[PDB]
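Quick setup: one chain, the form deposited in one PDB entry, written in structure tokens, and binding and motion questions come after.
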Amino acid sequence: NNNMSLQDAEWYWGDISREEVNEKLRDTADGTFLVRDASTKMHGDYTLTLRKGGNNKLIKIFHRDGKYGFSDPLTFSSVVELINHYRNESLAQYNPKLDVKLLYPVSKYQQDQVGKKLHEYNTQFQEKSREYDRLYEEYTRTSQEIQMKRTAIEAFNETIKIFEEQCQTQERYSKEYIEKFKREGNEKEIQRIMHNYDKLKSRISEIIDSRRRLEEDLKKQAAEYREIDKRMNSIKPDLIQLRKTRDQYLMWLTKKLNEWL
């Protein structure tokens, strides 16, 4: 390559914590490398973040006597030269951990497409953030209410099952009082046994009506609960994507920047 300066490297980021590296190296193909500095705050630390096999792997770079290298012996004059060589090779000289090649840098330059152009973007953030929480707040209320109603038909189902057997208890015992109490008829209690029979039979009509009413009363908000999930997921990626808008607007400035809004 060339004797190019260390600070202005394409792959290099300075004073970047572990969590920024972890969130930047997400859903990333194999062979992606990233060079940063350790949080131990000694000079010439230069941790390298190679992501292989779905998880990031940290490789230390040493600075012994002005030379660089992952391990003894050290024979690299410049860490830029070291990374260029390891982009040329595929980690063959080291332990054969799949021998991946440094292929995809995390470039801060290959992206995109002073106080005046920041107030307009802050105003639109708050209005949509509350709506997503508004959908979620009644998402919990409907879901809990559905479960309270889901068990209600089950509660009605037992009462129907109890009463349906109860009318059968009369019917299996209906045959014994067919004639011996109808011998009298007019003043005998047979005028009451059907009068007792229609009392309970009218009662089970209301319960099966209330159960039938509740059968479709449950599905009205269930589709609405289905529609709320449709409406909530139709706005979910926008909340995630509008969060990343700070990535391209906190550079070139770093005062009361955190206070102006």
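Superpose the two forms; the largest set of C-alphas matching within 1.5 Å is the rigid core. Each residue number is its position in the shown sequence, starting from 1.
Although not depicted, the form deposited in another entry is the subject of the following passage.
If you fit the two forms on their rigid core, which residue out of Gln147, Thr140, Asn186, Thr75 shows a CA shift of at least 2 Å between this form and the one not shown?
Between the two forms, the residue that moves is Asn186.
Core-superposed C-alpha of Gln248 shifting 2 Å or more between this form and the one not shown:
Passes the 2 Å threshold, so yes.
Threshold 2 Å Cα movement between this form and the one not shown for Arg87, core superposed
Comparing forms between this form and the one not shown, the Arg87 CA shifts below 2 Å.
After superposition on the rigid core, does the Cα atom of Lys97 shift by at least 2 Å between this form and the one not shown?
Indeed, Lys97 is displaced by 2 Å or more.
Direction of Cα pair change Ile59-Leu98 in that other deposited form, magnitude 3 angstroms or more:
The answer is closer, because the C-alphas of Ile59 and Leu98 approach each other in that other deposited form by 3 Å or more.
Closer or farther: how do the Cα atoms of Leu98 and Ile61 compare in that other deposited form versus the shown form, where the change is at least 3 Å?
Compared with the form shown here, the C-alpha atoms of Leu98 and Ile61 sit closer together in that other deposited form, by 3 Å or more.
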